[PDB]
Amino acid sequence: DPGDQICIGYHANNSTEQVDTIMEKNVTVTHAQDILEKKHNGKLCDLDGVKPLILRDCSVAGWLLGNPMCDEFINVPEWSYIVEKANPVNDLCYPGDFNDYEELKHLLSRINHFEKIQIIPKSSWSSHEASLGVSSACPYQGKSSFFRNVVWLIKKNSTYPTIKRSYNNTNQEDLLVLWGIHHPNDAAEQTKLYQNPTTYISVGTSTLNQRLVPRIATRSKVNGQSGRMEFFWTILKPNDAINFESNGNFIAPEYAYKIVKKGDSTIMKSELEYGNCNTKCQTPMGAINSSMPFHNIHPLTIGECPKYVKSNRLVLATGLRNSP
């Protein structure tokens, strides 16, 4: 007679989850764990309740110099990260260059809030013309205008006396100071605007020892202008002073930026704009809300994020090979 039996066996179910191995692909297993997040909400959200600075059609230079088409950002509140488009149309309205621009953007990556302060009043130029430095290249409401945070000074009564101005940073925070120089089209324009034929702009702090000289050249018209504006910046430390001296072509500071909050930020390149949402992990393509340890959305993220990999699939086997 057949005796009693005991059998050893293993679990099986109707799972269709598959994993790969070195020697075999698409192994159906009873249990598996997906570890790759592949979904995002396609929106730019606040980072832990802090709204980002979304520059829209303005560049960082257009914001900081005060392109008159960027009045939305004349005084911005604290931000969590900055969003800039690939090619913002509102940049240097008057054409030219921004010296060490990428180094300044790198500095911005560690700043969360500016406070704009007037360091040199536009009305304090008693020996120079301070209200004629406007151009059709920088329109505001149909009128010729200019960058709002600097002043394009012009000769007064056919004379341009030597400017000697100082600003002492009596604040407790670092100060981002911006100024510029005008490179005119020819010697005739040099005489017409500044009278003096040979000019300079000397700038000094405890560390800065600068002397700019205008470069006259014949150039292609950009935004209708063949002249150029070249802008320079420095970080003025507390209790340090900045000294300007110039006999022409000076694009003087009016407003500077106190660095009132430092922290972890970034300049995210994205064509998206505000999505009226909140998140813990932000990418240029959208926000991530996930418990997965990995994601493949975008390598440049900010916040508490999973680790980025280029994988299209990452599935760990947890159970055993599933019997059909």
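Note that residue numbering begins at 1 and tracks the sequence as displayed.
Between 61 to 69 and 25 to 33, point out the one with the higher average CA B-factor as the PDB entry records it.
It is 25 to 33 that shows the higher mean C-alpha B-factor.
Stretch exceeding the other in mean C-alpha B-factor - 256 to 264, 52 to 60
Higher of the two, by average CA B-factor, is 256 to 264.
Between 145, 123, 220, 190, where does the Cα B-factor run highest in the record?
In the PDB entry, the greatest C-alpha B-factor among 145, 123, 220, 190 is found at 123.
At the C-alpha atoms, which of 87, 118, 135, 246 reaches the highest B-factor in this entry?
Out of 87, 118, 135, 246, the record gives the largest C-alpha B-factor to 87.
Third of the chain, ranked by Cα B-factor, where residue 105 sits:
For residue 105, the deposited C-alpha B-factor lands in the lowest third.
Ordered by C-alpha B-factor within the chain, which third holds residue 174? Give me lowest, middle or highest, please.
Within its chain, residue 174 is a middle-third residue by C-alpha B-factor, going by the deposited values.
Assigned third (lowest, middle, highest) for the C-alpha B factor of residue 97:
For residue 97, whose C-alpha B-factor we compare with every modelled residue in the chain, the answer is the lowest third.
Considering only modelled residues of the same chain, in which third does the CA B-factor of residue 74 rank: lowest, middle or highest?
CA B-factor rank for residue 74: highest third.
B-factor third for the C-alpha atom of residue 228 within its chain
It falls in the bottom third of the chain.
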